[PDB]
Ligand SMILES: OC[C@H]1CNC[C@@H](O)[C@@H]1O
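The chain below stands alone and is given in structure tokens; this is the form deposited without the ligand.
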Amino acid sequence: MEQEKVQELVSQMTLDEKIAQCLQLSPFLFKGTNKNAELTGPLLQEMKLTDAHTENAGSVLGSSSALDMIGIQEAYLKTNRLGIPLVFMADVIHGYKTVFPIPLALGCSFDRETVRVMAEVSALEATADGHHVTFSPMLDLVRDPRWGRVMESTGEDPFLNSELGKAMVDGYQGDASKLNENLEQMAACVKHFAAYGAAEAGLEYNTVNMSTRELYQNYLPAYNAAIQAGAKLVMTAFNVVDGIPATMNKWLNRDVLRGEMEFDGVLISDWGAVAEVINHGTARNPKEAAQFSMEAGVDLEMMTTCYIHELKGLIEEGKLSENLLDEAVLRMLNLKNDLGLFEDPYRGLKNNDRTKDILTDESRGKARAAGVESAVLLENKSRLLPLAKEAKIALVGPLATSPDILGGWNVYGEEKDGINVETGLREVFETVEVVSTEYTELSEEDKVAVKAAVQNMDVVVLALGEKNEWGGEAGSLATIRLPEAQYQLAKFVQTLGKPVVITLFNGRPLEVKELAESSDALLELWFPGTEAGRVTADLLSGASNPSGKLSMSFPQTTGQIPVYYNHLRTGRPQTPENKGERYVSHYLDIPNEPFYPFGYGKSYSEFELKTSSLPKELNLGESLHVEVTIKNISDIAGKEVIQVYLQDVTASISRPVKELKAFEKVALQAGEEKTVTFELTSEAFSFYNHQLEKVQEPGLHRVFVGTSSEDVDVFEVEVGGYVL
């Protein structure tokens, strides 16, 4: 509908209708839900919600199916005075029913098109089941693998996160101006604004603190990239940002998000985040939480009742302008209009059952393809991998038969539909003997069984990993290790005399030195999703060639954290020419380097790269064009991730030793040679200064081209002169 009619709606709503429009509730709080209806009465009484509230609520979170949505929307539209339909939002993080790899695994793909496809299939299925918005992409920069929510991020680099974040928004939304027409696409919600990943000591919900300059340099750019790409919603964070809970942080939400970033869509709170500003100690009670969160521009309160019980009295008393409420209501109505809800409240589902679009073979192949792009081969000593299909496999460990391979933040996917590692391997390999063990125990009886299977077979596939419940939200581990029984298993297996490949399933970096050292090969599968066992079997057999690279550093030990590639030099850097000396930046007990670094991953192929002649000088404002020729010099087709880093050698702020500023994943047949070109615009040479200006300073830069943050050639370019 026309914008005039939208605005007219706001004019016609009562104060109570406008207040309720800013409330989001679980489906079973509404009449006409088809699930959990025995929870309805108790919870409504406990939250003190009336019919007047639920019949005028703005939104539903977490509908259970198309039938829930239709049931609820239908009943809601019977009683709603002005006919303003509900918007339905959902947690579609890395797939709906077809589960794709966890986001941190998709980071390791270094593949924008993989991420777009994942988001596209996700939207196709989610919209089929009646959802209009997804709480994705998660764009929090992560440097602390203790935090369980690292599995939701694409990792430690703000550029990679920015690029994959745009890819995701594109896949979910397509052309954002046509979400009223394109009913298999859905709105995206950027989260969590801001800097939630910097939680102190990796403890869930814990304090975040950094300078404003560091906030702008590293923690804000991916949110911004996604917002500029057209993300329809933004979600507040649970953490403080410089002492003020994000949800009621007026500078953050009005000045930065709506002002500098020009965001004009719905700002939704995280779950209970409005009420929880009380717990943080920055509102005395629900009246203050309401006032402060509305002053900060939060339009939609997720499943708490500060707005509903408090806004009327704040507005009647003069403590809050009713204009702020109108602006909130207008953004809610505009989202709904963007989604086409005023013309079709069922968004394409009424008399059009799309059950058929969910969990198709094509979608499944897309998830397998995403898993084989995202896995990272970490060790492969002596061409153990790929295994011949006649290789006799002892498959042992807790991940041998476990169905827990879909990952965390899997709200709708079912383990019954997933492929476990044994099933996967039995499709490819004729001889497999299986010995499952428990995640946290290694019995005498287990060791006898393991010894017997290994003795029978020729190679060991040792499948280890985390339960998905050990990460995700409020899955903080102080010590980033598997259960000790797993490391003891890897040590035991090593003693049996046969080659060992460890296939590792997990949602965070872990201490894997003891694994690498106890095996011949190590393949990091993360959690690949629905097609996990086929992903594993294809990579092991070489049907697919590993091509992922780490998007997050793997520390030597828990106490190295935070460790990350884009770090400052310090006044006393360790150099090859001072190593051994006391008075340099080092630890007494471990290396400075992480166990594996950013951008690292192996392949069954071998590649040679060469960079075309670059200029020695550049003007201010001028781009550097970087041409790279890459040849596959082996007999095995595969993919390499070309990476380009820049360094600012001297600056008015100490700058990182490297920052990723371009990447492309190149597929090459045996012998095949391609040339790829990168433009590093003057923005790539710029940074935030002490006064928080975005600046380019004349001076020396290094340019690094290669295949990890360590395997690079280096070139120097002197920036100066006049500005273009």
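Counting begins at 1, following the sequence as shown.
The form deposited with the ligand bound exists for this protein as well; it is not shown, and the discussion that follows is about that form.
Close approach of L44 to the ligand in the deposited bound form, 4.5 Å, heavy atom: Contact check for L44: no, nothing within 4.5 Å of the ligand in the deposited bound form.
Contact label in the deposited bound form: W271 to the ligand, heavy atom within 4.5 Å: Because a heavy atom of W271 falls inside 4.5 Å of the ligand in the deposited bound form, the answer is yes.
Contact test in the deposited bound form: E441 vs the ligand, heavy atoms, 4.5 Å: Outside the cut-off, so no.
Contact test in the deposited bound form: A194 vs the ligand, heavy atoms, 4.5 Å: Outside the cut-off, so no.
Among 186-194, 284-292, 307-315, 617-625, the region lying within 4.5 Å of the ligand in the deposited bound form by heavy atom distance: The contacting stretch is 186-194.
Selected contact from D357, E427, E473, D326, since only one has a non-hydrogen atom within 4.5 angstroms of the ligand in the deposited bound form: Exactly one listed residue reaches within 4.5 Å, namely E473.
Sole residue of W409, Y96, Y172, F88 within 4.5 Å of the ligand in the deposited bound form, by heavy atom: None of the others qualify; the residue that does is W409.
Contact check for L61, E152 and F238 against the ligand in the deposited bound form, heavy atom at 4.5 Å: All three within 4.5 Å in the deposited bound form.
Sequence-ordered residues of 111-138 touching the ligand in the deposited bound form, heavy atom within 4.5 Å: Residue within 4.5 Å: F135 only.
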